[PDB]
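These notes concern the structure reproduced below.
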Ligand SMILES: *[C@@H]1O[C@H](CO)[C@@H](O[C@@H]2O[C@H](CO)[C@@H](O)[C@H](O)[C@H]2NC(C)=O)[C@H](O)[C@H]1NC(C)=O
Ligand SMILES: *[C@@H]1O[C@H](CO)[C@@H](O[C@@H]2O[C@H](CO)[C@@H](O)[C@H](O)[C@H]2NC(C)=O)[C@H](O)[C@H]1NC(C)=O
Ligand SMILES: CC(C)CCC[C@@H](C)[C@H]1CC[C@H]2[C@@H]3CC=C4C[C@@H](O)CC[C@]4(C)[C@H]3CC[C@]12C
Ligand SMILES: *[C@@H]1O[C@H](CO)[C@@H](O)[C@H](O)[C@H]1NC(C)=O
Ligand SMILES: *[C@@H]1O[C@H](CO)[C@@H](O)[C@H](O)[C@H]1NC(C)=O
Ligand SMILES: [Ca+2]
């Protein structure tokens with residue numbers, strides 16, 4: 196298909212979403228086992244788990260709405276996920292994960308893909324201190340906050356070093372966009388709330 | 029004297045020029061597939077060998093100083109000899125000078141317009157500045173003509189082996205995707221096959237002017253047909269081994285995008301120093317133009333004896349022994365050619381007129397060998413090679429006009445017949461008033477340009 | 392947070408941020424001085440000064 200597209204004079208760009216993987220990914224199966232360097236590919240933390248009910252490290256919520264931490268039986272720790280529990284978030288603060296996302300960008304550009312569309316980019320980094328958010332309704336009981344819209348998201352979206360990760364993806368795509376007529380396009384999806 | 033190894037080294041360097049850098053785009057835009065456009069470089073490569081072999085016959089048996097003007101005088105009479113002298117001064121030689129200089133500005137201005145095509149005003153203002161500079165240097169001096177020639181034929185061959193070696197190494201690494209499913213969209217037709225033989229044969233231009241080497245060949249009769257049948261077939265083998273080195277790197281859809289084909293190649297394969305291709309090709313292309321301007325005064329001398337062309341054109345300047353009126357008239361016609369047309373509309377216009385006179389010559393070869401002339405011929409070619417060159421050229425001259433008619437052919441036919449009118453009203457009838465328009469013209473020109481008859 | 396002022400391999404910034412961590416030692420111990428030296432040199436980017 197990539198050959199049939201280039202012969203027509205067209206270009207092909209594909210969706211890329213580097214924030215999370217599935218909990219069936221090989222990286223996560225090794226990480227829960229604490230295997231090798233994969234023990235820190237994901238964001239883990241200690242949490243008390245007794246009688247099926249877990250207290251999370253903070254009040255951070257998922258985007259689809261519930262506690263954003265989930266207990267893992269093999270690791271005996273909680274892993275972070277912005278979206279549903281089937282999507283653990285990669286840990287982009289250690290340099291091992293960024294070299295993996297750098298080889299996937301290189302794998303698809305070698306096949307002739309003409310560029311990418313990066314999704315869920317504001318969720319790349321989170322605050323390291325893991326402090327609780329500020330509720331929208333301050334006089335609300337802290338055990339009924341279960342909706343993503345009931346919090347101010349200052350520690351889970353658009354953190355400080357987030358733009359230097361996206362600028363690093365652009366440099367990896369510059370090694371392939373040097374020959375004239377084969378520039379690699381990079382586009383991102385916009386923040387729904389802000390235009391600045 | 030020059031041996032057989034040097035007997036080919038002159039002819040192979042003569043054939044390979046700036047045609048291999050401009051024609052691939054044009055032969056592929058008519059074959060539409062990698063497979064057939066590879067057999068065109070062989071089919072026209074063989075057709076150029078039988079041409080140069082037939083020209084070896086006339087070059088030995090006639091044995092006159094004129095290039096090809098004698099061969100039409102000896103066979104058909106004085107009207108085709110004059111009609112060729114007319115066209116080779118207004119059509120064949122000026123337009124071949126305009127295509128070489130139009131193809132030198134496609135390679136100088138292609139890097140500065142990366143990703144897209146340059147405007148037409150840039151590739152004509154730069155071509156008009158090359159024609160005037162090439163024709164001015166070759167008029168002020170002769171040493172500077174041959175000063176930079178041996179270096180300009182080095183850069184020509186340095187690139188030819190760089191493209192080939194790179195296109196072979198990449199073929200070992202398995203980059204076979206382009207010619208895997210060849211012939212799939214081949215548009216073979218008398219329309220396309222003819223128009224694609226024009227552009228393929230233009231890369232072989234220079235096989236007719238190959239007879240001068242016999243004078244210094246060690247054993248001409250025994251070695252020249254050998255130096256030809258192993259020299260040119262060595263070059264067609266170096267073209268399909270260079271056109272293959274294009275399709276190994278880029279695809280059939282990206283070829284037609286750029287006019288400078290070798291510039292698209294140097295960016296993809298030679299990234300650290302990719303400026304080497306537009307720099308070296310600009311050297312060789314301006315060197316091949318230097319070879320055209322040198323021979324401009326050649327044919328007008330031999331045709332100036334028989335009173336066919338004006339004798340003032342053969343006059344030489346005294347301060348510098350350079351055919352100044354021949355050159356500045358040879359370039360002034362080229363300037364009028366780069367203005368209306370572009371490379372593709374001139375390769376058709378050139379290879380049309382050039383190929384009817386290429387036919388009339390080798391038909392005169394058999395016609396003289398069949399009935400009229402019984403003189404001895406030192407080297408003899410079999411009878412089946414000339415009948416092929418004429419039956420091929422009669423297809424090349426007549427199929428494009430009927431199947432793919434264009435306005436370029438009309439202006440070509442109107443030029444020769446205009447010379448046919450100049451035959452009767454100026455040289456055939458010799459009117460009285462016709463003289464008094466010539467005599468005051470020549471010496472005033474001599475007065476203004478301080479030129480002198482050669483001998 | 393201090394090492395961000397060194398810049399990135401493609402965006403240039405301060406030539407170096409001033410290391411004031413030696414100016415903080417109030418007691419001359421061997422491991423107090425050794426901790427400042429290795430904390431700056433391992434956290435620093437690759438080709439920096
Ligand atoms: C968080 O997850 C719980 C499940 O543990 C959700 O609660 C269930 O929601 C569905 C809605 O279709 C109900 O049918 C179930 O009865 C609920 N379960 C219980 C035990 O009440 C809860 O809605 C989620 N929070 C969200 C989506 O904000
Ligand atoms: C924010 O939520 C609080 C509840 O946590 C609202 O305060 C009152 O809460 C009591 C709880 O027993 C209710 O009985 C009252 O009806 C609530 N007052 C209302 C609804 O006016 C508080 O009003 C909420 N504020 C906003 C802006 O929604
Ligand atoms: C007269 C000629 C041989 C002079 C030039 C010599 C040097 C500069 C040439 C000769 C053959 C060339 C190589 C041919 C093929 C390749 C493979 C390609 O993927 C990268 C460039 C590379 C590796 C070329 C580098 C330059 C090279 C080594
Ligand atoms: C994790 O450890 C268990 C226990 O030995 C083993 O059965 C399983 O295969 C391991 N999985 C991975 C992905 O290492
Ligand atoms: C144990 O589980 C039961 C489930 O009904 C729950 O009510 C109880 O609070 C749990 N106890 C602890 C200490 O978690
Ligand atoms: Ca994340």
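Residue numbers (the deposited numbering), protein chains in the order written: chain A, 196 to 391; chain B, 29 to 483; chain A', 392 to 440. A prime marks a further copy of an entry chain.
Note that the Cβ used here is the ideal one computed from N, Cα and C, for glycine as well.
For the pair residue 235 of chain B and residue 76 of chain B, the CB atoms are nearer than the 9 Å cut-off. A direct Cα-to-Cα measurement between residue 339 of chain A and residue 240 of chain A gives close to 23 Å. For residue 230 of chain A, the Cβ falls inside the 8 Å cut-off from some heavy atom of ligand 4.
Around residue 358 of chain A, the same chain offers no residue with a beta carbon nearer than 6 Å, after the five sequence neighbours per side are excluded.
Listed along chain B, the residues sitting closer than 8 Å to residue 202 of chain A by beta-carbon distance are 279, 280, 281. For residue 385 of chain A, the CB stays at least 8 Å from every heavy atom of ligand 4. From the listed residues A:314, A:227, A:209, A:336, the smallest Cα separation to residue 268 of chain A is found for A:227. Residue state for residue 90 of chain B is assigned as coil, using DSSP reduced to three classes.
Short of 8 Å from the beta carbon of residue 439 of chain A', and not among the five residues preceding or following it, lie these beta carbons of its own chain, in chain order: 397, 407.
The C-beta separation of residue 139 of chain B from residue 414 of chain B comes to about 45 Å, leaving the pair out of contact by the 8 Å criterion. Taking every residue with its beta carbon within less than 7 Å of a heavy atom belonging to ligand 1 gives, in chain order, A:259, A:260, A:261, A:341, A:342. The set of residues with any CB-heavy atom separation to ligand 5 below 5 Å comprises, in chain order, A:245, A:246. Secondary structure note for residue 201 of chain A: its alpha helix (DSSP H) is the uninterrupted segment 197 to 202. Residue environment: residue 145 of chain B is assigned as exposed (fewer than 16 neighbouring CB atoms within 10 Å of its CB, all protein chains considered). Straight-line spacing of the CA atoms in residue 251 of chain B and residue 479 of chain B works out to 41 Å. Residue contact check for residue 338 of chain A against chain A': no CB pair falls below 9 Å. Here the C-alpha atom of residue 293 of chain A lies approximately 38 Å from the C-alpha atom of residue 285 of chain B. With a contact defined as Cβ atoms closer than 8 Å, residue 352 of chain B and residue 122 of chain B miss out at about 17 Å.
Taking a Cβ-Cβ threshold of 7 Å, the residues of chain A' close to residue 366 of chain A are 401, in chain order. Uninterrupted alpha helix (DSSP H) stretches at least 4 residues long and entirely within the region 282 to 370 of chain B occur at 289 to 297, 304 to 322, 324 to 333, 352 to 366, given in chain order.
Cβ-Cβ distances below 8 Å link residue 216 of chain A to 222, 223, 282, 283, 285 in the same chain, with the five nearest sequence neighbours on each side left out; the list follows chain order. DSSP places residue 347 of chain A in the strand class (E or B) of the three-state scheme.
Per DSSP, residue 48 of chain B lies in no alpha helix (DSSP H) and is assigned neither H nor E. Assigned with DSSP and collapsed to three states, residue 269 of chain A falls in coil, not helix or strand. Counting only Cβ-Cβ distances below 8 Å, residue 349 of chain A has no contacts in chain A' at all, with the closest Cβ about 17 Å away. Taking 9 Å as the CB threshold, residue 418 of chain B stays off the interface with chain A. Chain-order list of chain A residues neighbouring residue 135 of chain B: empty, with the shortest C-beta distance near 15 Å, by a criterion of under 8 Å. Where residue 310 of chain A is concerned, there is no enclosing alpha helix (DSSP H), although the beta strand (DSSP E) around it starts and stops at 310 to 313.
Rounded to the nearest angstrom, the gap between the Cα atoms of residue 222 of chain B and residue 363 of chain A is 53 Å. The straight-line gap separating the alpha-carbon atoms of residue 105 of chain B and residue 338 of chain B is approximately 19 Å. Taking CB atoms only, residue 274 of chain B has no neighbour in chain A less than 9 Å away. For residue 383 of chain A, the uninterrupted beta strand (DSSP E) segment begins and ends at 380 to 383. Ordered by chain, the residues meeting the criterion of a beta-carbon within less than 7 Å of a non-hydrogen atom of ligand 3 are B:186, B:189, B:190, B:193, B:194, B:197, B:198, B:297, B:298. Annotation for residue 209 of chain A: no alpha helix (DSSP H) segment contains it, though the beta strand (DSSP E) segment containing it runs 209 to 211. In the three-state DSSP reduction, residue 245 of chain B falls in the strand class (E or B). Chain-ordered, the chain A' residues with CB closer than 7 Å to the CB of residue 359 of chain A read 399.
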